[PDB]
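The structure appears below as structure tokens.
Here is how names work: the chains are called A, B, and so on, in the same order as the sequence lines, proteins then strands, and each is numbered from 1. Side-chain atoms are counted along with the backbone in the values below, which use heavy atoms only and exclude waters and symmetry mates.
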Amino acid sequence: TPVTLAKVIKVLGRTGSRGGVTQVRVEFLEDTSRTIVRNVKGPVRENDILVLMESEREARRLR
Amino acid sequence: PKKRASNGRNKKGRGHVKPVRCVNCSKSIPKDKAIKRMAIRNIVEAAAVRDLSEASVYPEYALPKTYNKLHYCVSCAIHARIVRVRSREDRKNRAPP
Amino acid sequence: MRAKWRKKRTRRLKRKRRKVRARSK
Amino acid sequence: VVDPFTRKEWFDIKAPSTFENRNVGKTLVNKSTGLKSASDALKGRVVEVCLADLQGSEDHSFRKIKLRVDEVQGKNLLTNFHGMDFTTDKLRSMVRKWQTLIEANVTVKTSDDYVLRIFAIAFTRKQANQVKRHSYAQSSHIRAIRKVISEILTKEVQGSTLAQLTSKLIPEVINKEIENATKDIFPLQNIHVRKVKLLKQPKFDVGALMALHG
Amino acid sequence: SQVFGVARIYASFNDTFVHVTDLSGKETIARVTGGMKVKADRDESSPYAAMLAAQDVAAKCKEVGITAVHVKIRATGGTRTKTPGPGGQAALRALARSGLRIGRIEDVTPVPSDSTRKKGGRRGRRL
RNA sequence: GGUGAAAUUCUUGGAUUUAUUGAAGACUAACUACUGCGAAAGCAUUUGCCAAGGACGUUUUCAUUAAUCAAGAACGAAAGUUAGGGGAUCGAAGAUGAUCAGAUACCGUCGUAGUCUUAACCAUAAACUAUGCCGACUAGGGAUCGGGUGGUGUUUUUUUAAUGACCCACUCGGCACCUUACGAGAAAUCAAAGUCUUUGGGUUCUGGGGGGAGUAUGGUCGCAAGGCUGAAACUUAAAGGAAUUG
RNA sequence: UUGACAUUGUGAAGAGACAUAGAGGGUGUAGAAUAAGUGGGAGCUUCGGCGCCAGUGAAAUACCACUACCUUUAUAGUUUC
RNA sequence: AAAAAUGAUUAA
Ligand SMILES: [K+]
Ligand SMILES: [Mg+2]
Ligand SMILES: [Mg+2]
Ligand SMILES: [Mg+2]
Ligand SMILES: [Mg+2]
Ligand SMILES: [Mg+2]
Ligand SMILES: [Mg+2]
Ligand SMILES: [Mg+2]
Ligand SMILES: [Mg+2]
Ligand SMILES: [Mg+2]
């Protein structure tokens, strides 16, 4: 199974209708030059590792 | 009363200009009154710049741009918050930024 | 009432007054 | 199960000799059979190729070229000049406000019966130490410029037929001569032929193509 | 040393067309649209549907010969919006991600010198 | 395909999407501006032809020939009317799918008339700068368009000549801006809406509380649609303007 | 009006039907392999390999199923568009 | 760019 392990390096902001989703920037563990912006449900610090079922989508709801 | 000296448009000396259509709603609006913006973008997003630069056969690619002139009716410019309604003294300011 | 629709309604009324006077003369 | 990509012959595309490297690309059609098969279905094909690809230089990134397949022999498609035009981004970048656009247009033919429409564009220029903001022309300069540009374009055509016309069109020398002619009326920024379209062509004349290929 | 085709990404609203052709464009190689990857019927123009279509073309781009592609991004054009749809960037990015090589990206939307009165009436589409 | 989302619709009798052509009618992007022309309505592809016009220059000519104008004329957006042509697109009516309590509305898909043109009508618009026209005077600036004048000015030619294009200083006319009103105004605001109880440069038109009513009648014009001219009875204490606070 | 025969002679290039046989699974979810069906039912083979059971589905899988269309294929020929 | 109609009379 291609599950992707990514480390957050930046929390972009708190998004969502009710503010329940986090905008974060994550680089990949296997190669740290593959940054991507994702949506995270629960609470996050920096230096936390996520798991990505599909590793190719960019997170909407910017600025 | 009268809200603006130049009523809502830019037409003093001719009487009729021509209509154009709003990009959003296709409403007819005089060209001098229509809100005009110049959308100049890099043809590829800043996210995909590194991706396509690595996937490009030609070293030192040009990275072309897209150019577009957008015409808005007053309702669609306000709704899409392009003009952003101002105050009585702020209405006179004609500077862009 | 909007003035132009008062105007339009009056124009239909004047049409109908013209036709009823046309029956007489 | 049909799998149409199991029956295609992988032909090559060859450009006229009036360029640098003759390689263009790769093309393919269908298998050959009875009932008037794809021997001639390969004829009417226009290949759009950038002139930077045909001339090995980045300064020809715009100015894309239309090539038309004329005669097929072996694993090669001989092509001939079919047209030329600018890329949309280059056009849009040239067209800016607070300047006048000058457009000329001529329908002329070469020494042979290659009738074709040459376009031309120019934009007025702010000269040095100009305090003024827009630099518009006076609409009589515009007509004078359009007159002399039309004269130059018909001068460059009707002599120096299509082979040498292309060989002059690539080095961007026609609009150079236009600049020398028009510099006494109103200074200009971007003088470009911007388009050539081919209107009518004569009998096929296999010999001219085989002269231009090989 | 690489075989060149044309991408011809027609990213409208309501849908995205990822339609690879040969250099001439007379024949086609793997025309897949965003609406046959999803069943949402309102996500046909989505970047996700465009990305799945752009991976499907790359799948058919291999084992058929094409290795590099020329990008012709297209909006609806004409009298309609002539701005690219949401899926155009995703389709191009997925093509770049899928190992297809990229050259000659150009915008080929149909732009008229004024013609053919626009739909919507004089007062517009009123919402 | 299309929408918040859908469904009417089309599609293995190949729709959508490609490429090469062809036809048709309409339109003239970007350039396009607090720019230009026109009495106004209006006017934006090239070139040719025809007549017209403002401004400027003038040590040319006439010598009051002028200003504004009841009656009377010409032109006059769009829609609309009659006849022929055209009939792509968009689309009053209509069909039809949604939404809805109902929707013969908005949204979607079609679509007759129209949209274009000729020959005739019509003569109305928030036809607006809601500011009549002519003339004089009163404030501080920057630009800009058209013409003309001047240069211990530059630019491409002869690397040292006009001219063209920029610069500076002016000047006449024009579209308009910015600051402040000294003045005016009920104020908003206004370089005219100033030079008005310190009330008079010339002249045309219009209004007299709100409704009834731009109605009735008569006349007149129009094929019609309708236009122009246009009351009274009756009814009523406000209707209205600008600005302040909520 | 439509078909056939006769009038009615001379010819070619793409299709397509008859008969023998070899092939063939084409999918969405998911057993344990990519499931085109319905009846029967736990065995021969150097492999205990497979089916029985228990999980899996709209439906069982070894085997007998030259059986049922459906989709292809090479014939000495014989027939039609 | 989903839908959202109504609110009896008088009383600084
Ligand atoms: K008020
Ligand atoms: Mg108001
Ligand atoms: Mg008007
Ligand atoms: Mg097709
Ligand atoms: Mg001009
Ligand atoms: Mg009136
Ligand atoms: Mg009035
Ligand atoms: Mg009034
Ligand atoms: Mg009264
Ligand atoms: Mg109440």
Side-chain angles (χ1 to χ4, degrees), chain B residues 1-3 5-7 9-18 20 24-26 31-32 36 38 67-69 76 79-80 92 94, chain C residues 7 10-11 13-15 17, chain D residues 1 33-36 43-46 48 68 91-92 94-106 123-139 141 143-144 146-147 150 179-180 182-187, chain E residues 6 8 10 12-15 17-22 24-29 31-33 35 40-42 44 74 79 111-122 125-127:
Chain B
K2 205 173 151 47
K3 205 157 170 192
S6 82
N7 302 349
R9 58 200 314 194
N10 209 334
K11 184 198 81 42
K12 288 184 182 292
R14 58 189 60 84
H16 195 246
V17 174
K18 190 66 68 177
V20 308
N24 279 4
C25 55
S26 73
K31 155 158 177 168
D32 71 293
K36 301 157 289 286
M38 187 66 204
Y67 297 79
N68 189 359
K69 203 189 189 216
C76 279
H79 177 62
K92 313 191 191 192
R94 277 192 154 240
Chain C
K7 187 192 208 182
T10 306
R11 277 173 191 220
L13 188 47
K14 281 160 61 66
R15 292 181 184 271
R17 281 160 177 165
Chain D
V1 54
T33 178
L35 201 65
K36 200 177 176 73
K43 285 290 197 283
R45 284 172 185 259
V46 172
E48 183 66 26
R68 179 202 62 259
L91 294 168
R92 296 294 86 193
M94 277 183 311
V95 189
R96 293 169 52 110
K97 263 168 79 184
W98 290 275
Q99 87 199 354
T100 318
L101 198 158
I102 303 156
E103 190 276 331
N105 189 359
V106 290
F123 299 86
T124 67
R125 170 151 69 76
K126 281 154 61 69
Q127 270 198 54
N129 66 10
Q130 166 166 351
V131 183
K132 198 150 74 84
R133 186 263 185 274
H134 42 260
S135 69
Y136 290 125
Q138 261 203 337
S139 178
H141 312 127
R143 277 191 309 272
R146 203 186 288 110
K147 190 66 174 294
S150 311
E179 164 176 325
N180 310 100
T182 63
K183 60 101 175 175
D184 50 2
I185 297 167
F186 209 76
Chain E
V6 186
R8 281 178 225 288
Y10 168 50
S12 79
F13 298 102
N14 304 334
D15 213 347
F17 280 77
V18 185
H19 175 201
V20 160
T21 66
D22 64 332
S24 82
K26 188 181 176 299
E27 48 169 24
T28 77
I29 308 167
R31 183 196 63 243
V32 62
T33 80
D41 179 325
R42 60 176 286 181
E44 297 167 349
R74 171 168 184 246
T79 64
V111 181
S113 64
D114 301 304
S115 293
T116 304
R117 175 179 184 84
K118 189 175 179 180
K119 194 179 88 84
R122 178 184 177 74
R125 171 181 145 87
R126 296 180 301 282
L127 275 301

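Under the 5.5 Å centre and 30° plane thresholds, the six-membered base rings of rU109(F) and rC110(F) are judged to be stacked. Remark: bases of strand neighbours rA237(F) and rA238(F) are unstacked by the 5.5 Å centre distance and 30° plane angle definition. Using a cut-off of 5.5 angstrom for ring-centre distance and 30 degrees for interplanar angle, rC121(F) is classed as stacked on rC122(F). Neighbours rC62(F) and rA63(F) stack on each other, since their six-membered rings have centres under 5.5 Å apart and planes tilted under 30°. Adjacent nucleotides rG183(F) and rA184(F) have six-membered base rings whose centres lie under 5.5 Å apart with planes inclined under 30°, meeting the stacking criterion.
Note that CZ of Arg96(D) is 11.0 Å distant from CZ of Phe123(D), once rounded to the nearest 0.5 Å. The CZ atom of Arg45(D) sits 4.0 Å away from atom OG of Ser24(E), with the distance rounded to the nearest 0.5 Å. The CZ atom of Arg11(C) lies 9.0 Å from the CZ atom of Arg15(C); values are rounded to the nearest 0.5 Å. The distance from atom NZ of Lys18(B) to atom CZ of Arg14(B), rounded to the nearest 0.5 Å, is 13.0 Å. Atoms NZ and NZ, on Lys31(B) and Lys11(B) in that order, are 15.5 Å from each other to the nearest 0.5 Å.
Residue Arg14(B) places none of its side-chain N or O atoms closer than 4.0 Å to OP1 or OP2 of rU35(F). Considering only side-chain N and O atoms, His134(D) lies under 4.0 angstrom from the phosphate OP1 or OP2 of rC145(F). The side chain of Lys2(B) places no N or O atom within less than 4.0 Å of a non-bridging phosphate oxygen (OP1 or OP2) of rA242(F). A close approach under 4.0 Å does occur between a side-chain nitrogen or oxygen of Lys119(E) and OP1 or OP2 of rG108(F). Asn14(E) has a side-chain polar atom (N or O) that falls below the 4.0 Å cut-off from OP1 or OP2 of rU3(F). Checking the phosphate oxygens (OP1, OP2) of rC178(F), no side-chain nitrogen or oxygen of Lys92(B) falls inside 4.0 Å. Between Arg125(E) and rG4(F) there is a side-chain polar atom (N or O) within less than 4.0 angstrom of OP1 or OP2. Contact annotation: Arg17(C) does not reach the phosphate of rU217(F) (side-chain N/O to OP1 or OP2, under 4.0 Å).
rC18(G) and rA74(G) have their P atoms separated by 16 Å, given to the nearest Å. For the P atoms, the distance from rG36(F) to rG25(F) is 38 Å, rounded to whole Å. Nucleotides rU35(F) and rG146(F) have their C1' atoms positioned 12 Å apart, rounded to a whole Å. Nucleotides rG246(F) and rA187(F) have their P atoms positioned 23 Å apart, rounded to a whole Å. Nucleotides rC43(F) and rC177(F) have their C1' atoms positioned 25 Å apart, rounded to a whole Å. Separation of the P atoms belonging to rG86(F) and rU124(F) is 35 Å when rounded to the nearest angstrom. Comparing the P positions of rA184(F) and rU199(F) gives an interatomic distance of 14 Å, to the nearest angstrom. Comparing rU138(F) with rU195(F), their P atoms sit 15 Å apart, to the nearest whole Å.
Using a cutoff of 4.0 Å between basic side-chain nitrogens and carboxylate oxygens, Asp32(B) and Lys12(B) are not scored as salt-bridged.
A distance-only check finds no donor-acceptor pair linking the side chain of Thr28(E) to the backbone of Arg31(E) [under 3.5 Å]. Although no hydrogens or angles enter the test, the distance criterion places a donor-acceptor pair under 3.5 Å between the side chain of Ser26(B) and the main chain of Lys119(E). Panel note: side chain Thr124(D), backbone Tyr136(D); no donor-acceptor pair is recorded below 3.5 Å.
With rounding to whole Å, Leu127(E) atom CG is found 14 Å from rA98(F) atom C1'. Taking atom CG on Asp32(B) and atom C1' on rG36(F), their separation rounds to 14 Å, with Å as the unit. Atom CZ of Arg122(E) and atom P of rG114(F) are 20 Å apart (whole Å).
Closest to the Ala5(B) side chain, of the nucleotides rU32(F), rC190(F), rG108(F), is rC190(F). Out of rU89(F), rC177(F), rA242(F), the shortest distance to the side chain of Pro1(B) is found at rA242(F). With distances taken from any side-chain atom of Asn10(B) to the nucleotides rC34(F), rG1(F), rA216(F), the minimum falls on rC34(F). Distances from the side chain of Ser12(E) to the nucleotides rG1(F), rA5(F), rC31(F) place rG1(F) closest.
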Handout entry: Reading 5' to 3' through nucleotides 15-26 of chain F, protein heavy-atom contacts under 4.0 Å coded B for base, S for sugar-phosphate only, - for none
Key = BBBBSSS---BB
Exercise for the section: Can you check each nucleotide of nucleotides 160-167 of chain F against protein heavy atoms at under 4.0 Å and return B for base, S for sugar-phosphate only, - for none, in 5' to 3' order? Expected result: ----BBSS
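Mapping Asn105(D) and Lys12(B) onto RNA chain F via the closest heavy atom, the residue that lands nearer the 5' end is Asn105(D). Toward the 5′ end of RNA chain F lies the nearest nucleotide of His16(B), the other residue of the pair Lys7(C) and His16(B) mapping further downstream.
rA213(F): sugar pucker south (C1'-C2'-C3'-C4' torsion negative). Nucleotide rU203(F) carries a north-puckered sugar, as indicated by a positive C1'-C2'-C3'-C4' torsion.
Here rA184(F) sits opposite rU189(F) as a true base pair, Watson-Crick or G-U wobble, both distances under 3.5 Å. Nucleotides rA73(F) and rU156(F) fail the base-pair criterion, which asks for a Watson-Crick or G-U wobble arrangement whose two donor-acceptor distances both fall under 3.5 Å. A Watson-Crick or G-U wobble pair does not link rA119(F) to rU206(F) when both relevant atom distances must lie under 3.5 Å. No Watson-Crick or G-U wobble pair links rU154(F) with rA136(F) with both defining distances under 3.5 Å. If you check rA95(F) against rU163(F), you find neither a Watson-Crick nor a G-U wobble pair with both contacts below 3.5 Å. Between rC100(F) and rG207(F) there is no base pair of the Watson-Crick or G-U wobble kind with both of its two distances under 3.5 Å.
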Exercise for the section: Take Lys36(B) and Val20(B), measure what side chain to side chain contact (heavy atoms under 4.5 Å, CB included) needs, and give me the verdict at the end. Expected result: CA-CA 11 Å; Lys36(B) 301 157 289 286; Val20(B) 308; over 6 Å; no
Please produce a list of atom pairs where a protein N or O lies less than 3.5 Å from an N or O of nucleotides 9-13 of chain F.
none

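Contact annotation for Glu179(D): no contact, since no heavy-atom pair falls under 4.0 Å across all strands. If you check every strand for non-hydrogen atoms under 4.0 Å, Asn7(B) touches sugar and phosphate atoms only. Residue contacts for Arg9(B): at a heavy-atom cut-off of 4.0 Å it reaches no nucleic acid atom on any strand shown. Looking at heavy-atom distances under 4.0 Å, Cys76(B) makes contact with a base. At a threshold of 4.0 angstrom between heavy atoms, the contacts of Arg68(D) with the nucleic acid are absent. Counting non-hydrogen atoms under 4.0 angstrom, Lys14(C) reaches the backbone sugars and phosphates but no base. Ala40(E) comes within 4.0 angstrom of the backbone, heavy atoms only, and of no base.
Looking at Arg42(E), its side chain has no donor and acceptor atom pair within 3.5 Å of the base of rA5(F).
Nucleotide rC81(G) forms a pair with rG14(G), judged by Watson-Crick or G-U wobble geometry with both contacts under 3.5 Å.
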